[PDB]
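Participant: What follows is a structure written as structure tokens; I'll ask about it next.
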Amino acid sequence: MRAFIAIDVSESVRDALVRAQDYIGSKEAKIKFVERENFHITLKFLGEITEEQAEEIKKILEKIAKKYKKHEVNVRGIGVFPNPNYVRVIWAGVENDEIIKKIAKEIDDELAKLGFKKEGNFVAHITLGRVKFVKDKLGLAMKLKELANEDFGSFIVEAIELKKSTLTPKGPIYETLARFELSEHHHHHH
């Protein structure tokens, strides 16, 4: 029941991150990238939850997402950890996401009562993949510098999407729990 609310990343972005990955590849370095429809920006991590609480979180969102507006941010820049010289976890960085920052904290601050952890400092990042083993060093940096400014795109956070994650012996499972779509359903016919 690894619930977690994220922000839909229109193709503009989704495809963006992919463009960078394709250029990277796991030729020399071993990096297990994440699914395309899994690059959703984690707004607020909840983790384990009860079928009874699952409803609580929703209520809060219905209010918070109602007290906030839809700002226009941009996704650019990528950071590594623990440090460049030694990259172990690849993650992207979002531009001025103040609005998304004050919100992430507000959503948690409340969850603290329902029995959740409080995240003092919020950081909007998106893990692309973890590094297992690599032989070519230069490549790592040579790229980090290229994809360091490579613009991915921008968008506006209007509606919110709540997905769930559950790891199993057969593989990682992903199921939706809550979806707040501002615009009426059947917006565009695919």
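Naming scheme: A, B, ... for chains in displayed order of the structure tokens; residues 1 onward per chain; ligands 1 onward as shown.
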Please identify the strand (DSSP E or B) residues within region 59-160 of chain A (assignment by DSSP from backbone atoms) and present them as JSON, numbers by chain.
Facilitator: {"A": [72, 73, 74, 75, 76, 77, 78, 79, 80, 81, 82, 83, 86, 87, 88, 89, 90, 91, 92, 93, 94, 125, 126, 127, 128, 129, 130, 131, 151, 152, 153, 154, 155, 156, 160]}
Participant: Neighbours of region 118-122 of chain A within 7 Å (only C-alpha atoms; same-chain residues fewer than 3 positions away dropped), as a PDB file with C-alpha atoms, in the first residue's frame?
Facilitator:
```pdb
ATOM      1  CA  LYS A 101       6.853  23.097  -2.264  1.00  0.00           C
ATOM      2  CA  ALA A 104       3.873  19.257  -0.301  1.00  0.00           C
ATOM      3  CA  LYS A 105       4.584  20.525   3.215  1.00  0.00           C
ATOM      4  CA  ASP A 108       2.177  16.361   5.166  1.00  0.00           C
ATOM      5  CA  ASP A 109       1.823  18.744   8.110  1.00  0.00           C
ATOM      6  CA  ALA A 112       1.227  14.138  10.858  1.00  0.00           C
TER       7      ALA A 112
END
```
Participant: Could you make a table, as a Markdown table, of the residues of region 69-96 of chain A that have an atom within 6 Å of an atom of region 126-135 of chain A, each with its nearest atom pair and distance in Å to one decimal, counting only C-alpha atoms, in chain and number order?
Facilitator:
```
| residue | atom | partner | partner_atom | distance |
| --- | --- | --- | --- | --- |
| A:88 | CA | A:131 | CA | 4.9 |
| A:89 | CA | A:130 | CA | 4.5 |
| A:90 | CA | A:129 | CA | 5.4 |
| A:91 | CA | A:127 | CA | 3.8 |
| A:92 | CA | A:126 | CA | 5.0 |
```
Participant: Can you tell me, as an MDAnalysis selection string, what residues are no more than 7 Å from region 37-46 of chain A when counting only C-alpha atoms, ignoring any on the same chain fewer than 2 positions away?
Facilitator: chainID A and resid 2:9 14 34:35 48 104 125:126
Participant: How would the residues just picked look written out with C-alpha atoms as a compact mmCIF listing (two decimals), in the first residue's frame?
Facilitator:
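The result, stored in result_31.txt:
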```txt
# COMPACT_ATOMS: atom_id res chain seq x y z
CA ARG A 2 2.85 2.37 -0.87
CA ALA A 3 0.46 5.20 -1.73
CA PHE A 4 1.86 8.47 -3.08
CA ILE A 5 0.44 11.53 -4.84
CA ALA A 6 2.18 12.68 -8.02
CA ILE A 7 1.70 15.27 -10.76
CA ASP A 8 0.82 14.14 -14.28
CA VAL A 9 3.66 14.86 -16.70
CA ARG A 14 7.35 12.39 -20.15
CA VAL A 34 12.12 3.55 -14.66
CA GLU A 35 8.98 3.04 -16.74
CA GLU A 48 1.98 2.38 4.05
CA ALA A 104 3.87 19.26 -0.30
CA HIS A 125 13.06 15.48 -7.72
CA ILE A 126 12.45 12.49 -10.00
```
Participant: Go ahead and compute the interatomic distance for CA of residue 71 (chain A) and CA of residue 102 (chain A), in Å to one decimal.
Facilitator: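 Separating CA of residue 71 (chain A) from CA of residue 102 (chain A) is a distance of 12.3 Å.
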Participant: For CA of residue 93 (chain A) and CA of residue 123 (chain A), determine how far apart the two atoms are, in Å to one decimal place.
Facilitator: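 Separation of CA of residue 93 (chain A) and CA of residue 123 (chain A): 8.5 Å.
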Participant: Check region 48-139 of chain A with DSSP on the backbone and list each residue it calls alpha helix (DSSP H), as a PyMOL selection string.
Facilitator: chain A and resi 53-67+98-114+137-139
Participant: If you keep N, CA and C atoms, can you produce a file of those selected residues as an mmCIF file, in the first residue's frame?
Facilitator:
```cif
data_model
loop_
_atom_site.group_PDB
_atom_site.id
_atom_site.type_symbol
_atom_site.label_atom_id
_atom_site.label_comp_id
_atom_site.auth_asym_id
_atom_site.auth_seq_id
_atom_site.Cartn_x
_atom_site.Cartn_y
_atom_site.Cartn_z
ATOM 1 N N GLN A 53 -7.745 4.886 6.278
ATOM 2 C CA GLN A 53 -7.045 6.155 6.164
ATOM 3 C C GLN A 53 -6.991 6.614 4.714
ATOM 4 N N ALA A 54 -6.910 5.658 3.793
ATOM 5 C CA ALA A 54 -6.859 5.969 2.370
ATOM 6 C C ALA A 54 -7.852 7.065 2.011
ATOM 7 N N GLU A 55 -8.992 7.073 2.695
ATOM 8 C CA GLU A 55 -10.025 8.071 2.441
ATOM 9 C C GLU A 55 -9.633 9.422 3.032
ATOM 10 N N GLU A 56 -9.016 9.394 4.207
ATOM 11 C CA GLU A 56 -8.590 10.614 4.876
ATOM 12 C C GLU A 56 -7.714 11.460 3.958
ATOM 13 N N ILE A 57 -6.620 10.875 3.491
ATOM 14 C CA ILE A 57 -5.700 11.575 2.602
ATOM 15 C C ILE A 57 -6.451 12.316 1.506
ATOM 16 N N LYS A 58 -7.414 11.637 0.896
ATOM 17 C CA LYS A 58 -8.214 12.233 -0.169
ATOM 18 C C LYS A 58 -8.826 13.555 0.276
ATOM 19 N N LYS A 59 -9.564 13.514 1.381
ATOM 20 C CA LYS A 59 -10.202 14.709 1.921
ATOM 21 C C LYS A 59 -9.228 15.884 1.937
ATOM 22 N N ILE A 60 -8.076 15.681 2.570
ATOM 23 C CA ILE A 60 -7.060 16.723 2.654
ATOM 24 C C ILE A 60 -6.740 17.293 1.278
ATOM 25 N N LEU A 61 -6.511 16.408 0.314
ATOM 26 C CA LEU A 61 -6.200 16.826 -1.048
ATOM 27 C C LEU A 61 -7.323 17.682 -1.630
ATOM 28 N N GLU A 62 -8.554 17.208 -1.479
ATOM 29 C CA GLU A 62 -9.717 17.930 -1.987
ATOM 30 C C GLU A 62 -9.722 19.372 -1.487
ATOM 31 N N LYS A 63 -9.209 19.575 -0.279
ATOM 32 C CA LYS A 63 -9.153 20.905 0.314
ATOM 33 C C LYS A 63 -7.910 21.658 -0.155
ATOM 34 N N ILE A 64 -6.740 21.102 0.141
ATOM 35 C CA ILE A 64 -5.482 21.717 -0.250
ATOM 36 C C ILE A 64 -5.497 22.115 -1.725
ATOM 37 N N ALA A 65 -5.678 21.124 -2.592
ATOM 38 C CA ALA A 65 -5.718 21.366 -4.032
ATOM 39 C C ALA A 65 -6.771 22.408 -4.381
ATOM 40 N N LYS A 66 -7.640 22.711 -3.425
ATOM 41 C CA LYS A 66 -8.696 23.694 -3.633
ATOM 42 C C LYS A 66 -8.281 25.062 -3.098
ATOM 43 N N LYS A 67 -7.327 25.065 -2.174
ATOM 44 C CA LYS A 67 -6.839 26.307 -1.583
ATOM 45 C C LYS A 67 -5.663 26.860 -2.384
ATOM 46 N N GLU A 98 8.198 26.534 -6.005
ATOM 47 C CA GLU A 98 7.750 27.032 -4.712
ATOM 48 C C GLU A 98 6.324 26.571 -4.413
ATOM 49 N N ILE A 99 5.408 26.873 -5.325
ATOM 50 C CA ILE A 99 4.011 26.491 -5.165
ATOM 51 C C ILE A 99 3.884 25.010 -4.814
ATOM 52 N N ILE A 100 4.620 24.171 -5.537
ATOM 53 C CA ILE A 100 4.592 22.735 -5.302
ATOM 54 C C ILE A 100 5.313 22.374 -4.008
ATOM 55 N N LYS A 101 6.109 23.312 -3.502
ATOM 56 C CA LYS A 101 6.853 23.097 -2.264
ATOM 57 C C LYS A 101 5.967 23.338 -1.046
ATOM 58 N N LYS A 102 5.404 24.540 -0.959
ATOM 59 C CA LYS A 102 4.532 24.899 0.154
ATOM 60 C C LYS A 102 3.363 23.925 0.264
ATOM 61 N N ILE A 103 2.955 23.366 -0.874
ATOM 62 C CA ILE A 103 1.848 22.417 -0.899
ATOM 63 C C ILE A 103 2.256 21.077 -0.304
ATOM 64 N N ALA A 104 3.372 20.534 -0.789
ATOM 65 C CA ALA A 104 3.873 19.257 -0.301
ATOM 66 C C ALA A 104 4.000 19.260 1.219
ATOM 67 N N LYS A 105 4.421 20.390 1.769
ATOM 68 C CA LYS A 105 4.584 20.525 3.215
ATOM 69 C C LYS A 105 3.228 20.612 3.908
ATOM 70 N N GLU A 106 2.289 21.316 3.277
ATOM 71 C CA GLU A 106 0.952 21.476 3.837
ATOM 72 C C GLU A 106 0.229 20.135 3.903
ATOM 73 N N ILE A 107 0.364 19.340 2.847
ATOM 74 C CA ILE A 107 -0.277 18.034 2.788
ATOM 75 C C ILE A 107 0.249 17.112 3.883
ATOM 76 N N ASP A 108 1.549 17.189 4.139
ATOM 77 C CA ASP A 108 2.177 16.361 5.166
ATOM 78 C C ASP A 108 1.824 16.866 6.560
ATOM 79 N N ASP A 109 2.111 18.139 6.816
ATOM 80 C CA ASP A 109 1.823 18.744 8.110
ATOM 81 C C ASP A 109 0.531 18.181 8.696
ATOM 82 N N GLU A 110 -0.478 18.016 7.847
ATOM 83 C CA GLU A 110 -1.763 17.488 8.283
ATOM 84 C C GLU A 110 -1.680 15.982 8.522
ATOM 85 N N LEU A 111 -1.031 15.277 7.602
ATOM 86 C CA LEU A 111 -0.881 13.829 7.709
ATOM 87 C C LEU A 111 -0.221 13.449 9.030
ATOM 88 N N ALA A 112 0.548 14.376 9.594
ATOM 89 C CA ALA A 112 1.227 14.138 10.858
ATOM 90 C C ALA A 112 0.251 13.672 11.929
ATOM 91 N N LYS A 113 -0.974 14.184 11.870
ATOM 92 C CA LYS A 113 -2.007 13.820 12.831
ATOM 93 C C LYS A 113 -2.500 12.396 12.589
ATOM 94 N N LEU A 114 -2.811 12.090 11.333
ATOM 95 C CA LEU A 114 -3.293 10.762 10.972
ATOM 96 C C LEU A 114 -2.242 9.698 11.270
ATOM 97 N N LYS A 137 34.177 6.005 -16.886
ATOM 98 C CA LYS A 137 33.951 7.120 -15.973
ATOM 99 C C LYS A 137 33.608 8.391 -16.740
ATOM 100 N N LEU A 138 34.508 8.800 -17.627
ATOM 101 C CA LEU A 138 34.300 10.000 -18.431
ATOM 102 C C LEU A 138 32.843 10.116 -18.875
ATOM 103 N N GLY A 139 32.358 9.085 -19.559
ATOM 104 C CA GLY A 139 30.985 9.094 -20.026
ATOM 105 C C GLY A 139 30.026 9.678 -19.011
#
```
Participant: Excluding residue 149 (chain A) and its own-chain neighbours fewer than 4 positions away, which residues fall within 12 Å of it when counting only C-alpha atoms? Please give them as JSON, numbers by chain.
Facilitator: {"A": [20, 75, 76, 77, 78, 79, 92, 93, 94, 95, 143, 144, 145, 153]}
Participant: May I have the residues within 10 Å of residue 176 (chain A) as a short mmCIF file (atom, residue, chain, number, x, y, z; two decimals) with N, CA and C atoms, in the first residue's frame, using only C-alpha atoms and disregarding those fewer than 2 positions away in the same chain?
Facilitator:
```cif
data_model
loop_
_atom_site.label_atom_id
_atom_site.label_comp_id
_atom_site.auth_asym_id
_atom_site.auth_seq_id
_atom_site.Cartn_x
_atom_site.Cartn_y
_atom_site.Cartn_z
N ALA A 3 1.16 4.09 -1.08
CA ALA A 3 0.46 5.20 -1.73
C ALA A 3 1.37 6.42 -1.86
N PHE A 4 1.07 7.26 -2.84
CA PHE A 4 1.86 8.47 -3.08
C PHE A 4 1.23 9.32 -4.18
N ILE A 5 1.04 10.61 -3.88
CA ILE A 5 0.44 11.53 -4.84
C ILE A 5 1.51 12.13 -5.74
N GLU A 161 -2.86 13.35 -9.27
CA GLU A 161 -3.04 11.91 -9.46
C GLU A 161 -2.38 11.13 -8.33
N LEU A 162 -3.15 10.24 -7.71
CA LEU A 162 -2.64 9.42 -6.61
C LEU A 162 -2.47 7.97 -7.05
N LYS A 163 -1.23 7.50 -7.05
CA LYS A 163 -0.93 6.13 -7.44
C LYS A 163 -0.40 5.33 -6.26
N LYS A 164 -0.44 4.01 -6.38
CA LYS A 164 0.04 3.13 -5.32
C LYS A 164 1.14 2.20 -5.83
N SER A 165 2.11 1.90 -4.97
CA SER A 165 3.22 1.03 -5.34
C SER A 165 3.33 -0.14 -4.37
N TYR A 174 1.68 -1.47 -9.62
CA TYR A 174 1.25 -0.07 -9.58
C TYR A 174 -0.25 0.04 -9.86
N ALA A 178 -6.55 7.33 -6.10
CA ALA A 178 -7.34 8.55 -6.20
C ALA A 178 -6.91 9.39 -7.40
N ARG A 179 -7.88 10.02 -8.06
CA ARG A 179 -7.60 10.85 -9.22
C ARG A 179 -8.54 12.04 -9.28
#
```
